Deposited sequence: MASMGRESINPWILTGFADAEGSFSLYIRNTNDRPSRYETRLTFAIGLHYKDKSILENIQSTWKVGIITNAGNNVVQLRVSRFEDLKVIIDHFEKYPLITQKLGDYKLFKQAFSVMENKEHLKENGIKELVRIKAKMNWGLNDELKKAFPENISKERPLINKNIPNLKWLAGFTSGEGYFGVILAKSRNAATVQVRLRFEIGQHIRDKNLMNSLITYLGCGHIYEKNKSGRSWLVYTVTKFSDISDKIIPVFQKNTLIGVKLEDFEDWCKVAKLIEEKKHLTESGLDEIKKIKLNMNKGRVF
């Protein structure tokens, strides 16, 4: 099977990373190891997606990262052209685009075979210093002048609903909340978490989907925004119809279907009856984390 190119980009914004590995490998003459890698790590539950991504790009190796996680890795340099080609037509809009643009700069250095010289390594370590989590402590002390490269910031809009379909397939959550004598209410909930570095992008969802709210949640010293929709009228009229015209991917798609089954049962006002609550309870206990198959 295959995946829509914008959906894949939306999924690449959610999951997947751009890696640059640098390592000292010799010293009699000083040499360094350099490798680029794009990798999407998923649960083996969604191994089908990686195979589908592998079916569209026709490159990359699926590895088993252990701990219930399979991973699609692409590292072959000639096969990297395929990925670059794709993301020029269907670009990322999150802050991962910055990690992507720096990833391309590393590709340019390795392509001109400059990474085999002292000038290329010194340039590459500056690129890595602004990518993801930056340089390791070894390279920080080996190359002290490593804060020269500019981290390209990103302020982009949502390209279309096709991108949103892929972004929801990764970060989305369709939950049937059974809120609990004054405690037995049924609630449908659709929320999306994201790092606060993409606050502008997250807030665009409210104006783009014409509904929803955003709440910041803190764990220890970390922070992430959560775009949330709870109003049922906004769900049945604005949230559900969107993901129907633009189909999701993975097992999250069937989670969406069961999420719709409850919605149709709620609009029919069967969620306030004894009978209609039974099939809802059966649905909620067999979806998301409630299912293992």
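In sequence order, the gaps in C-alpha coverage of the deposited chain fall at 1-6, 187-189.
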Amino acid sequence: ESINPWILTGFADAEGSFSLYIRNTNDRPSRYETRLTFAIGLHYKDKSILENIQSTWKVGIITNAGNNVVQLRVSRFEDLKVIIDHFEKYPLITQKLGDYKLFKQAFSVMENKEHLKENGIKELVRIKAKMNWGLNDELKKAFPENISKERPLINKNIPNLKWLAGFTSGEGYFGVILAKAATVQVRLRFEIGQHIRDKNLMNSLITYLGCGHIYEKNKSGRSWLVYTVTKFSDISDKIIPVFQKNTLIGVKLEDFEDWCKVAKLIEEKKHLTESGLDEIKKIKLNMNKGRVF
From here on, numbers count along this sequence of modelled residues.
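Higher average CA B factor: 231-239, of the stretches 231-239 and 36-44. In this entry, 267-275 shows the higher mean Cα temperature factor of the pair 16-24 and 267-275. Going by the entry's values, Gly221 shows the largest Cα B-factor out of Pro144, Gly221, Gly134, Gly98. Ranked by Cα temperature factor within the chain, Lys180 sits in the highest third according to the deposited record. Split the chain's modelled residues into thirds by C-alpha temperature factor. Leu188 is in the highest one. Among all modelled residues in its chain, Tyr173 ranks in the middle third by Cα B-factor. Sort the chain's modelled residues by C-alpha temperature factor and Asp79 lands in the lowest third, per the entry.
The PDB entry assigns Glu88 a C-alpha temperature factor belonging to the lowest third of its chain's modelled residues.
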